[PDB]
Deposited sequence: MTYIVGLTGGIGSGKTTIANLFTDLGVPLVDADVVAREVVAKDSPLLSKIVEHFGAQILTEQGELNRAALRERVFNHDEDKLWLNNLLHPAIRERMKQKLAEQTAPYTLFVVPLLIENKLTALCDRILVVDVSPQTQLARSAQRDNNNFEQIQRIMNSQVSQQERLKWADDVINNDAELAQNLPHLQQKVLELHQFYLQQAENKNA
C-alpha cells in the first residue's frame, strides 16, 4: 500500500493551500470532497436512491443541502446512505495509488472517525481568530467551528503539524521548506514499510 498521510485542519486553516504544495511535488491526492462528489454523480446508484427518497425536486446540491437543514432527521438518512459509501470509495482510491506516499485530504478526518484509513496525521494549525479571518458570515463560521474538534484536540491527534497563522507574503518560503522536509520524511517512512 502507498504510505497514507491524512491531512486535516479546521475550517479556514489552509488545508487546500498545503495540499497544493504537496501535489506540486508530484504526490497524489485523494480528496474527500471530490470523492463525496463522485459518489452521487449523474448516473450513479446512490443518486437515484436519494432522488427516490426526496423527489426530483432535488443533483442540485444546494437544494439537497437546503433539504438536509430541516432537522437532524433527513440528514441522518442521507448520512446513513452516503458516509459508508464515501468511506469505501476513499479506501478504493487509496489502494489504487502506486506512489510511495499519498496525501489523503479530509476536512472531517477526526470527527467522522476516518483516522483508521491513514498511517499518520498531518494537521494544518492556526488560531480560531485566524480561522475566522481567513474564512471571510462571522456567525455562520463560528457555528461550523463549534461543531468541529477544538484546536487542542486536533493537535493531540496530529503526528505532524505545520502552522499557517502567518500571512503567505512573509511565510510562504518557510511553509515550502517545511513541506519539503515532510516530503523527505514521508518518502523515508514509505521506504521503511519495505
Enumerate the deposited-sequence segments absent from the coordinates, judged by C-alpha atoms, in order of position.
59-64, 143-147, 206
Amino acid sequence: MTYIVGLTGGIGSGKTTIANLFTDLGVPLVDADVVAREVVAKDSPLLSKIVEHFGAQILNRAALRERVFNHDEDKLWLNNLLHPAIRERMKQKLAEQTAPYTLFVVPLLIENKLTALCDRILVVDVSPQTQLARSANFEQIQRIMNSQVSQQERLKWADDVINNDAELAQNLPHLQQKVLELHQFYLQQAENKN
From here on, numbers count along this sequence of modelled residues.
Give the stretch, out of 68-76 and 93-101, with the larger mean C-alpha temperature factor in the deposited entry.
68-76
Read off the CA B-factors in the entry, average them over 84-92 and over 120-128, and name the higher stretch.
84-92
When the entry's CA B-factors for 155, 141, 34, 168 are compared, the highest one belongs to 141
Among the candidates 161, 30, 149, 59, give the one with the maximum CA B-factor reported in the record.
59
Could you tell me which third, lowest, middle or highest, the C-alpha B-factor of residue 7 occupies within its chain?
lowest
